[PDB]
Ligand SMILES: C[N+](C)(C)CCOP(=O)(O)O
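Read the single chain below, which is given as structure tokens and is the form solved without ligand PC.
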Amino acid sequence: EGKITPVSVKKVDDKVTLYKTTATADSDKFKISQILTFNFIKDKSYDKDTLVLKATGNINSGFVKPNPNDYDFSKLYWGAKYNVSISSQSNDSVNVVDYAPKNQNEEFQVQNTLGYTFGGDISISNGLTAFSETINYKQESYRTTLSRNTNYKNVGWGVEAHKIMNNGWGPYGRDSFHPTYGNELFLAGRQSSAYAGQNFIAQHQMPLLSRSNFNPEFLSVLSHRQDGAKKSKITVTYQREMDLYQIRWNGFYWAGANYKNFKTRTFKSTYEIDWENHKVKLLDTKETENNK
């Protein structure tokens, strides 16, 4: 649910003209916000139309504090993985040809630059030409990977909990397990004389992505062959995988357990891209939930 700005035009040379329009689709319910900036590149010196889509906005973590009154057993929910997916849904003349990030990245701050050269050349470089754009996002303790289903009409990224330190302990992940103490990701003490609900580490000691939100910045380059239909369908999906982290006192020690993707909240928008008129039109929005 949102709006689409009118097209701004920027004549570069006499060969290239840049067209820009921003679409916003939100899920108040899941606290997910999609800001999609479509940069159309018309270059008379190249036999393909180029679309540089910058996806930004917000994806809440879905974090839920533990009940401080839980005595021997307690749990919390945390934002363990953020997935953003872009899919060319129709028109065989359109393909996903490039994107940023283009490779796995576990740096605390992901910064890339995507440049388009008169003639059609797309160059992606580390850090912050007829057109240029940048992606910049913080993901401390997490890792960005390219989704497995990435192909000639699809691109996706996953920003997942990777190396999380408790204090000096760790690093821990969604999968870590001590033969005795289980997953110790957010366990404050193995022998704490405390309520279960009060034996997790403080929220400020957890990664910002696990208990706050993720502000995505991703770029995808769609290419149109200049033959066949002038419009094509595209879907953009922002999603969070929430893990159920729980601790329990067995009379001797505390042990943790992390249920991977125990709750899922997904927001998908579908747009019709008009390559001739450099406009986009919202066709559909869909909120979906998964609860184990």
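In case it trips you up, residue 1 is the first one in the sequence shown, and so on.
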| query | finding |
| --- | --- |
| Deposited residues omitted from coordinates between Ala202 and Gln203, as a class | none |
| 112-120 versus 180-188 - which carries the larger mean C-alpha B factor in the record | 112-120 |
| Stretch with the greater mean C-alpha B-factor as recorded in the entry, comparing 219-227 against 52-60 | 219-227 |
| Per the PDB entry, maximal CA B factor within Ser210, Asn126, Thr134, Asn105 | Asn126 |
| Peak C-alpha temperature factor (PDB record), options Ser85, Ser141, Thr144, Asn91 | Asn91 |
| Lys281 by Cα B-factor - lowest, middle or highest third of the modelled chain | lowest |
| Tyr46 - which third its CA temperature factor falls in, relative to the rest of the chain | highest |
| Third of chain Cα B-factors occupied by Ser269 | middle |
| CA B-factor ranking of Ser232, expressed as a third of its chain | middle |
| Among modelled residues of the same chain, the CA temperature factor third for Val96 | middle |
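The same protein also has a form deposited with ligand PC bound, omitted here; what follows describes it.
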{"item": "Contact flag, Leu187 vs ligand PC in the deposited bound form, heavy atom cut 4.5 Å", "value": "yes"}
{"item": "is_contact(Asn166, ligand PC) in the deposited bound form, heavy atom dist at most 4.5 Å", "value": "yes"}
{"item": "4.5 Å heavy atom contact, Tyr172 to ligand PC in the deposited bound form", "value": "yes"}
{"item": "Proximity of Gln191 to ligand PC in the deposited bound form, heavy atoms at 4.5 Å", "value": "yes"}
{"item": "In the deposited bound form, segment of 137-145, 212-220, 114-122, 179-187 with a heavy atom within 4.5 Å of ligand PC", "value": "179-187"}
{"item": "Residues in 58-72 with any heavy atom within 4.5 Å of ligand PC in the deposited bound form", "value": "none"}
